[PDB]
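Chemist: Right, I'll just put the structure down here and ask away after.
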Amino acid sequence: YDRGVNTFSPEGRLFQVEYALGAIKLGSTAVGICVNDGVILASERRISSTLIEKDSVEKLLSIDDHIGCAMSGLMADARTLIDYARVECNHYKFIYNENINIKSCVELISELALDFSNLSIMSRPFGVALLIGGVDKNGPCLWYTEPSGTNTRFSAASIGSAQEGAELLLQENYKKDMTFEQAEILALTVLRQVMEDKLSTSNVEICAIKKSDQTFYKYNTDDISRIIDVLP
Amino acid sequence: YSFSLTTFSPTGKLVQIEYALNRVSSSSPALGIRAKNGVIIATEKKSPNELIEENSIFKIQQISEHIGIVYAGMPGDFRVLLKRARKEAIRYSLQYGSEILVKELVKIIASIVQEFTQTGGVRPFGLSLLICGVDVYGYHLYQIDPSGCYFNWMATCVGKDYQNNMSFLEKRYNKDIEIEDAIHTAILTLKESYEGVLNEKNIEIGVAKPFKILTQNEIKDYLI
Amino acid sequence: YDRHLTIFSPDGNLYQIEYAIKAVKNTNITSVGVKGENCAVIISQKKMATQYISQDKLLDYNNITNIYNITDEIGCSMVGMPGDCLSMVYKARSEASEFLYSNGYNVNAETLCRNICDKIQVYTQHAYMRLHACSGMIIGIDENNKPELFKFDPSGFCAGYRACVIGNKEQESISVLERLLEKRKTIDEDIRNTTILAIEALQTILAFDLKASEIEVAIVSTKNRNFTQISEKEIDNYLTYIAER
Amino acid sequence: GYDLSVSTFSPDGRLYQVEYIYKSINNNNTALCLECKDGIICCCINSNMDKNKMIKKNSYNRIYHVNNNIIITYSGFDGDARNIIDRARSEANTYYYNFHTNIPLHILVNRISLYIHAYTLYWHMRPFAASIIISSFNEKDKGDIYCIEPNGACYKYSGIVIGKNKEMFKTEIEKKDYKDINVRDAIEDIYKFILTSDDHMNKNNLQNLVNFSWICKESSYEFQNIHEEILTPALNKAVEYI
Amino acid sequence: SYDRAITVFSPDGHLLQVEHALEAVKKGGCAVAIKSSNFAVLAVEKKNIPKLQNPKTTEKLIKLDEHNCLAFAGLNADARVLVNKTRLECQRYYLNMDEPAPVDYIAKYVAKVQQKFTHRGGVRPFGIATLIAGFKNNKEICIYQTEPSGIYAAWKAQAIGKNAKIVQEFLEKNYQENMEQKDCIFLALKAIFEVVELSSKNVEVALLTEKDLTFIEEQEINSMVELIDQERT
Amino acid sequence: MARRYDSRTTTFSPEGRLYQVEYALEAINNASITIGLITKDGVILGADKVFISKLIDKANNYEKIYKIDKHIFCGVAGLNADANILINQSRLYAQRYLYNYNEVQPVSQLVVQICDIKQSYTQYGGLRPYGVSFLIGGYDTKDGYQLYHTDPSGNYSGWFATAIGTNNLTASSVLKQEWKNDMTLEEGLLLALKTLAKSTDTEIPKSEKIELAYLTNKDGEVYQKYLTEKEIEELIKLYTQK
Amino acid sequence: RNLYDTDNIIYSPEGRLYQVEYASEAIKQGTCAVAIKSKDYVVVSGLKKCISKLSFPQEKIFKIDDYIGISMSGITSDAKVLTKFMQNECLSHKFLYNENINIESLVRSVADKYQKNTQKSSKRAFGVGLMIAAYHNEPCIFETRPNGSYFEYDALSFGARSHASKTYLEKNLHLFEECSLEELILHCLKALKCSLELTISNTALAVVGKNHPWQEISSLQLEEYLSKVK
Amino acid sequence: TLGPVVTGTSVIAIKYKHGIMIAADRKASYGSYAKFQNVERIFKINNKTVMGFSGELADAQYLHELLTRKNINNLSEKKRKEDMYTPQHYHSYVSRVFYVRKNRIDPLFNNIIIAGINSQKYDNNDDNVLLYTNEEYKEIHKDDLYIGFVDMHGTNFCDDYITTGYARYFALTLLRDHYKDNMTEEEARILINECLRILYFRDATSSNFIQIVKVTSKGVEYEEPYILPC
């Protein structure tokens, strides 16, 4: 209305990024867990209709062969960010002939965010939270980025509507030493507790990047069926 | 940073153009009369205060050999549009080798005047132009508004009390009159609305031979 | 916001032009231009424009001057906000130099004033730039050996004059100049009489005795086409010639 | 409402933003330049930094120079003044590139005045908040001191003060003619005037809050900051006098 | 506003200009798209003044390229310019790849352009929603629905425009996966006539196959309208 | 800040409406009426002139109806200067299509181009929209005779007969009551005169405030006629005979 | 003041730029950082922000060049932009010439970059304050601010609760010049601890100086120093 | 500059115990025409840096103007004598200028010598610099002295002695045979005079009217120009 996009609040906070931080609270809940064997990203898919093609809406995407990501907030803005991330990761691979570090990909993603500030072109903040998981030379890792441009590495993290309860459950149940299978069980139990559904196949989406192939793997019905049967 | 300062009101009006027209209606009056063998444009001013050079404040100006112009409104806007119109007539002559037709000049300047009612970060021109001339298709008298609208007139007035002067011309004007009769009618129309006695110093008349601007002695001889 | 920008008010007025003219009036500097038979003179009050900073005693008073050269032969006085007036002097110099380069001969006073007013009209029409609060008188000698004296204001309205004033008093200073010129009605005699009339007009308009140190006088003539300031001693002699009857 | 843009005149023919800039400058740290018999002496009193105790000794210096023979100082914001000083150095560089001689002082002052003035014209540019003193001295021409105001006005002085407490400094400097007093004798007077005028300044912070520079015969008519050996007896004599 | 940000975040985190674009979509004519084994049916509301307005001139069902077609709901002129941009991109892809544009690529591009217009200074958002029917590279047929925000999703059957929710809940209770052609046009017609007045002049229905898009002749629409009149009594 | 002076012309309203577009439509609705219709012989455009004064040159002056090309002509409703701009642009587009393809532009393509120009001002930038609505009539071989109606939004539609401007609803009522498919040139002209009379609230239509023109194809060549007051007077007396 | 804080090019009636002041206000919410020096060394310490139990600490100090490092307080994206600018300037000087960049010239260029964003209405001040530690013929500590100013310090600290650190530095400034490196590290860590316990995770700590390129102190050495402080 | 028209001949620079001695005859030839015979071809950059040229005079004057403004801008930013640019800094700058112009196919038709004293630890001449107005010589280690060559293609290097033009064959042979470290002023003068004598006899573009310039602890000294003895 009256304040420009670059206006500072009296507290020293940009109005637009503060407002964009309300958009990330909306959306479907997702969780990421990092352990020594690899990183898992789980997500709920709130399917609005039976007529929608379920695989057409993707909450978990692959920024690269070794990078997965879960998005929350405005989905179109999220897809814009992930497309930019894919382009720049492939540019890094072409220029250097190696897989990009997860931190570098997160940093360039957060550099595209806040491009509207025009410090040195987008018009506004992106209003997107991303949990970017991956496996680089320094092992598996998970990062969290938000419209303010801050990046934060996490052992375990959550995004979306039920971020608070998900992070509470993760804080209670996460350990640094748990195995990959226990990490999958923890992720699906957190999603079970925060969801309002019976947690069937074609109700959650699961992906993982392990330290055996360092390759993005999108799960299928057999894998969610296995982990669900393993759940207590 | 470029946006239109002229905008549609809730009732569809462009208030800035209305206000430019208001500035036109307060400025000193000018007029034109087309006669069957010519066309004249006339205007008045306050009497000079014994110091200002009268020849340096002519409102009637020559555009080309058979095209002249007068205005009612803001003088600086008039100088800018006068320079642009001379440039456009010269551009036509460079292109086609002949003098610019009056209609083409009027259309070009009308579009230029319109452009300042829509282009960003500007106001409309604060004047109304009267352009008189002769070409192969005959004698022309055209008005141009601040809006960029233009009108083909037989006789008109474009300033203070122009409704009264237009009624006077409507009673007096005829489709077939001599240049002398038109000049007499123009002088009478000017002195009707003027407060007091209209001397030769309070008159400028241009007539379209090339476009001529009358001398003070000629105006006095008309005022007998 | 119709009065904030250079856009029309409901009455058809551009109030920013009026307020720029008020800013010119606020400086409390009087300048007077006069035309002779083959000469022209400008006199100005050589005082700092009334602004935020007042006159310091350590201020070099010789450096104060509202009169400037545009070319060797064309000159001017410029009254208003001092930064605006300096910017307009530089603009006039650039226009004169561009005319000389493009056309190969020196511009005259009238064409210079019309080019300057063309520049001023852009300020009057474009909302994104402030009007220069600067009124100016320009003098020169044309190719026909007759003196040119022209005057422009922030509105962009150029006019030639036999005599003119930029100052706080108008329609009284006009009467003073009218009386002096109708009273007036050899090249050295013309130069002396025009300089005397300019000095006496400023003395009558300002309504106090003029010190030669606190006024600047400049002149063009067929005798010396270069626009040159007369010395303080000559101005003192001219002031002495006043009141000697 | 008329004071929200530099590019708008108020009904009484004033630009309020420039007046607010003047108010900003008059609250800032004091600067002064003074013509003397053998030179010009420039002095910047940074009284605002009396609170900050951990600043490095004599690191903050508002006195700069162009061509090693023109002093340039300011009162106002540091960044804006650095912008103006960079423009001055660019103008000097361009003038020497074109003409192979150094820029005359009055030409540089006019060009910097126009550069300052151009930012007071448009609705989208912040006008510079700084008053700029530019000065020089020569054996033949003696001293030339100019002060450029935030509105673009430039005026020549024999001595000038800008910033906080400039009225008291001007009153004390006006008490005697300095064109027949050498710079070395003038330093003591400047220290006495600082002790009498600025209440934050005292004996214990004169040595580290005041920048001094000059151009005189002893410096071969080129820029130099006063050494501690010349400053210390002068401020000691000023403190003993006070 | 050459480059001013028109779409900005409100204090609650919403983009109000996108919401207003959605409101403009809600005022537009209703469109419905239904998928089948190897064909799709697209039906659009049309309102024209009888005896005065030329009914051919207003095409809301549009052939984008060789194998893709588009319905829309919202501002018509915005639809025209975006559709022309999409056609240009279709032929640009077919220049750069030497294979026709897949439907998923076209839907992604339309969503990208809409998102870009929500996220660039000095441009208004597109006030339209679209239903893009077409064929994938593997010859599977798909329908993609896109919104003013730039979000898109693929649908078995979907409706956009005014009163789209009632048509959606109808299609949920009446869509039966693979269907013959005649029942598919019948489903589309009754679904759009839930909200639209029941007449043949108020609907335009077309069928997309691999070979072409064929508009159903008005006699069939008249007969099916009579049948829908019959079943309601 | 200049964004305080920005009205944001290309910004949505809460109802998904462009307020500037709606105000331009309001400006159009207050303008004098322009009617169009299609006969078997060809396309008819009529309009009611705005009487400013009797001193207007009424010899060969047409302010409502304009030629765009030998096969395309148009009638204006709204602001005349915007209409002149868009008419010149339409003439440029028609001749650009003839340059590029060596054949005349179909009427729909010209309508699409000028309406794209109109839509651009509503979507792009921060300028006001064009306050004009056109009735573009014409002929081409592929589609025959055609009459389109445009708007400030860049929305356009296609009509066999319609009206725009003041009293357009009653004109449309008279048109739907009286217009029919297979109609001759004389019948269409009489219907146009009847519609102008009914919408202008006059028992008898006066020739001095009627512009009337028509486009017709004969011998495979398109011909436009702009009726003079003499021919219009002939049609007026023929209308009164019936 | 609501009229005059709306755009960054507006001076208030008191001659204040409120948007630049708000950019400065953004700096006080950052975590505390401290920098001190001796005759030979500059030691920088900082508190790493940790936003939750499962988070890792936000990085606080960054290497610019072999003998130049920084710490930041404020908006971290602005700090990243300034960091990349400084690193590019240092490497460009090492490319064009065969010498280290002058620290004063680098700091002036950064301050010019700060100031250029305060002039136009289409830009905002960098909402971040940098402390720049280097050894270029002597230990040196600089500070930059959103308004385009810069200063040089014998000791510096800013961020949240930096007033206690400033008080400790005011008390202990006279010792730092003759302190050895171990005592200097202990003093900087104690000044940081006054702002609060410290931990190897949540404590950034780096040294630069004579014959000593910029080096973050290892976790084991940091553990030893933190044990000695307690 | 398509090619040379007014050309300067060889320049010879050597290190000796008190600093740099650089020599060049004062002739500029217009082809075979010895048009100008009192030209200066050794330019002072700063108190510890001089430049000499062989080849086109216009390009050399342009480079001299560039280095003059570089020195002035360096002085404007100076706060201590260590901030003054060294001869190797100017050598790198000139090499970069030549390299970029080579990349544009717009070369300066010159071979340039940049010579001087790298170290500030021998004098306090830079504490108070005088641009417009001018004890025993201190022995300076050769490591603190710098002489650097640049050519048209930007090929740049440094050595204890440098020659340009015809001196690369005549003078350089005698230099490589007879040069030794820590020569006195007299020995350096005798060696240079022998080299210039051979060049005067065998280089048609050479003159016997020599300009000698010395960079020492007391700055840059332009010797009075002399005719070659015998």
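Chains as they are written, first to last, in our numbering: chain A, 7 to 238; chain B, 613 to 836; chain C, 17 to 261; chain D, 31 to 272; chain E, 225 to 457; chain F, 78 to 319; chain G, 38 to 267; chain H, 37 to 266. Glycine included, every Cβ here is placed at the ideal spot set by N, Cα and C.
1. To the nearest angstrom, how far is the alpha carbon of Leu-643 (chain B) from that of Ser-637 (chain B)?
2. How about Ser-638 (chain B): is its C-beta nearer than 9 Å to some C-beta of chain C?
3. For the region 59-70 of chain D against the region 163-173 of chain D, do three or more pairs of beta-carbon atoms, one drawn from each stretch, fall closer than 8 Å, so that the two count as touching?
4. Between H:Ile-48, H:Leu-166, H:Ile-198 and H:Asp-61, which has its C-alpha nearest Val-256 (chain H)'s C-alpha?
5. If you measure from the beta carbon of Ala-79 (chain F) to each beta carbon in chain G, is any gap under 9 Å?
6. Would you list the residues sitting across from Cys-366 (chain E) in a DSSP beta bridge?
7. Using a Cβ distance threshold of 8 Å, determine whether the region 174-183 of chain A contacts the region 147-163 of chain A, with at least three qualifying pairs required.
8. In terms of DSSP beta bridges, what is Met-766 (chain B) paired with?
9. Could you list which residues in chain F have their beta carbon closer than 7 Å to that of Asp-44 (chain G), in chain order?
10. In chain order, which continuous runs of the beta strand (DSSP E) of length 3 or greater are located wholly inside the region 70-154 of chain A?
11. I'd like the list of long-range same chain contacts for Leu-229 (chain G), defined as Cβ closer than 6 Å, with 5 residues on each side in sequence excluded.
12. Using a Cβ-Cβ distance cut-off of 9 Å, determine whether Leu-144 (chain D) contacts chain C.
13. If we require 3 or more residues per run, which beta strand (DSSP E) segments fall completely within the region 105-165 of chain D?
14. What does DSSP give as the partner residues of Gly-221 (chain F) in its beta bridges?
15. From the DSSP secondary-structure annotation, give me the bridge partner or partners of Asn-157 (chain A).
16. Roughly how many whole angstroms lie between the Cα atoms of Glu-111 (chain C) and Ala-722 (chain B)?
17. With burial defined as no fewer than 16 other Cβ atoms inside 10 Å of the residue's Cβ, what is the status of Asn-177 (chain F): buried or exposed?
18. If the cut is a Cβ gap below 7 Å, which residues of chain E does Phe-615 (chain B) touch?
19. Report the rounded CA-to-CA distance for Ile-73 (chain A) versus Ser-154 (chain A), giving the unit in angstroms.
20. Thinking C-alpha only, which one of G:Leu-84, G:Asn-154 and G:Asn-174 is nearest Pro-183 (chain G)?
21. Measuring CA to CA, which of B:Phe-780, B:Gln-628 and B:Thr-623 is closest to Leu-617 (chain B)?
22. Does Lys-239 (chain C) pass the burial test, meaning 16 or more other C-beta atoms within 10 Å, or should it be called exposed?
23. Taking C-beta pairs closer than 8 Å, name the residues in chain D that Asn-79 (chain C) reaches, listed in chain order.
24. Rounded to the nearest angstrom, what separates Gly-215 (chain F) and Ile-149 (chain F) at their Cα positions?
25. Tell me whether the beta-carbon of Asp-142 (chain A) lies closer than 9 Å to the beta-carbon of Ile-115 (chain A).
26. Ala-108 (chain C) to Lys-658 (chain B), Cα distance in whole Å?
27. Please look up how many angstroms separate the CB atoms of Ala-245 (chain E) and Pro-349 (chain E), rounded, as I've assumed it's under 8 Å.
28. In its own chain, which residues sit with a C-beta less than 6 Å from the C-beta of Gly-182 (chain D), not counting the 5 before and 5 after it?
29. Unbroken alpha helix (DSSP H) runs of length 4 or more, entirely within the region 711-749 of chain B: which are they?
30. Whole angstroms is fine: what's the gap from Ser-89 (chain G)'s alpha carbon to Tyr-190 (chain G)'s?
Modeler: According to the structure shown:
1. 13 Å
2. yes
3. yes
4. H:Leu-166
5. yes
6. E:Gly-358
7. yes
8. BP columns for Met-766 (chain B) are empty, so no partner.
9. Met-78
10. 73-79, 134-142 and 145-151
11. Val-71 and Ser-82
12. yes
13. none
14. F:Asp-217
15. A:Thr-151
16. 29 Å
17. exposed
18. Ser-225
19. 22 Å
20. G:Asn-154
21. B:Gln-628
22. exposed
23. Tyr-185 and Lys-186
24. 4 Å
25. no
26. 30 Å
27. 5 Å
28. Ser-143, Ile-146 and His-147
29. 714-727
30. 34 Å
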